[PDB]
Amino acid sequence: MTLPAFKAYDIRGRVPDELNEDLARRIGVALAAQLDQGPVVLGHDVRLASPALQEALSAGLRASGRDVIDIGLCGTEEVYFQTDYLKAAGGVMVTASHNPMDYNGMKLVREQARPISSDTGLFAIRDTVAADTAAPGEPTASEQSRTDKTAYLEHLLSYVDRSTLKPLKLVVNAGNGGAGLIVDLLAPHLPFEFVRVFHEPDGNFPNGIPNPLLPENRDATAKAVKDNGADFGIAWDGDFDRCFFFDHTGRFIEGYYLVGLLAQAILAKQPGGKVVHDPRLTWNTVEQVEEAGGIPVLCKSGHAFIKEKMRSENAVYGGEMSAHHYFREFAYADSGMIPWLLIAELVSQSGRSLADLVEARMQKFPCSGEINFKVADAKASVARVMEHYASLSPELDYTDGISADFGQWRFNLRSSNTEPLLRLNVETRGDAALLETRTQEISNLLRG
């Protein structure tokens, strides 16, 4: 057997049987042996066990001669930013993002906040930790506390021309995660009126786990937008590397359309740039990027693939439909803060509502949203789908599972790299009826 907490892209486990202070200390020792020379940035989220896991990590790192820079309670993107900004050897965020209260985890990066994933170091660490029965050494290096967020805040604000911002009324919903701290620190520098929902950080999560995809959690943001006449609403997961948008009618915006919107907003500042996108839903992003004078670059989904493709392409922006937005100037890392700043600027500068900015894109490229299927035999289910459609001779692409382009409609069908599911995305060229009949047809085949 192997330690179950070591996943494809990060560490995630129930505390204390799958993840605990002793494992965390061992992870720190193992990480020291994997990095180039330099100090290691540590930060943590609002979960009750997160401080103690970070302290154990720090103890293992310092026992192995690593200086530790403790940036304190923060968002995941702040570990990325500070790891790059401080020219650190690496960084670790202690977080379970959006998982239940008895779970925690770690996200690990090396120099320039490049990801450490299962095949790029994480499983090496796992196997080292699994075999480590050595006595815990004593610290041979120092810890410095560096909680100053000024550089990070200035960097966020550099994405917008503040003299063009209007005093929009924005609902913000931290979900009792960590986002509210950053909103409040940005607020003196912005003209917006914030309506704060579930704002105070609270690791007991009295209003539910910070997962804005849960319909009941969506409804708190929607209600606040509608009841206050807000221009739009923003909700974050617990470590706020994902943000979610609600238009002035309270409508949750499907994240697909944000990729094209943010690409056009970015390409205004940075003309002719490359934009990386995933293969699940594509047509709208390709069109919007091209119409803004950018170059769209198809990439396998998943932050490690997206970031490495952005690096190799010098891409200014990368976006996934699942609320991940990456920015070259942000060390090619994802931010849950930069996106709503860009959208607030777009609404301010264009005189258009968020609703209207995306409405014609939704009409032009209606999509199913991601639909998940737990099936008995994923390979046999996919084969059932492909055999059914074979006589139509779709254009097939294997960048990430199977993409089939039929002309007026297309789908992508993937096995997940983090769960044992099949995931389906369908979109059409302005045809809602075709979207539904094909989505239901594929759904029946997959369940068959």
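Throughout, rigid core stands for the largest set of C-alpha atoms superposing within 1.5 Å between the two forms. Numbering starts at 1 and runs along the sequence shown.
Participant: Comparing 95-103 with 269-277, which has C-alphas lying farther from the shown form in 6 other deposited structures of this protein once the core is aligned?
Facilitator: Checking 95-103 against 269-277 in 6 other deposited structures of this protein, I find the farther stretch is 95-103.
Participant: Please indicate which stretch deviates more in 6 other deposited structures of this protein: 383-391 or 418-426, judged by C-alpha RMS distance after a core superposition?
Facilitator: When 383-391 and 418-426 are compared in 6 other deposited structures of this protein, the bigger C-alpha shift is seen for 418-426.
Participant: Select between 379-387 and 403-411 the stretch whose C-alpha atoms have the higher average B-factor in the entry.
Facilitator: Between 379-387 and 403-411, it is 379-387.
Participant: Do the C-alpha atoms of 435-443 or of 17-25 have the higher average B factor in the entry?
Facilitator: The stretch with the larger mean CA B-factor is 17-25.
Participant: When the CA B-factors of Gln82, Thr147, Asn173, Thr95 are compared as recorded in the entry, which is the largest?
Facilitator: Among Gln82, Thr147, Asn173, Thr95, the PDB entry lists the largest C-alpha B-factor for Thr147.
Participant: Between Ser348, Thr76, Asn99, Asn284, let me know which has the highest C-alpha B-factor in the entry?
Facilitator: Among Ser348, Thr76, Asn99, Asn284, the PDB entry lists the largest C-alpha B-factor for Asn99.
Participant: Taking only the Cα B-factors deposited for this chain, tell me whether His303 sits in the lowest, middle or highest third.
Facilitator: Its C-alpha B-factor belongs to the highest third of this chain's values.
Participant: Which third, lowest, middle or highest, does the CA B-factor of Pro191 fall in along this chain?
Facilitator: Middle third by C-alpha B-factor.
Participant: Sorting the chain's modelled residues by C-alpha B-factor, tell me whether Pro366 ends up in the lowest, middle or highest third.
Facilitator: Lowest third.
Participant: Would the CA B-factor of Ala265 place it in the lowest, middle or highest third of its chain?
Facilitator: Its C-alpha B-factor belongs to the highest third of this chain's values.
Participant: Grab the CA temperature factor for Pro206 from the record and place it in the lowest, middle or highest third of its chain.
Facilitator: Top third by C-alpha B-factor.
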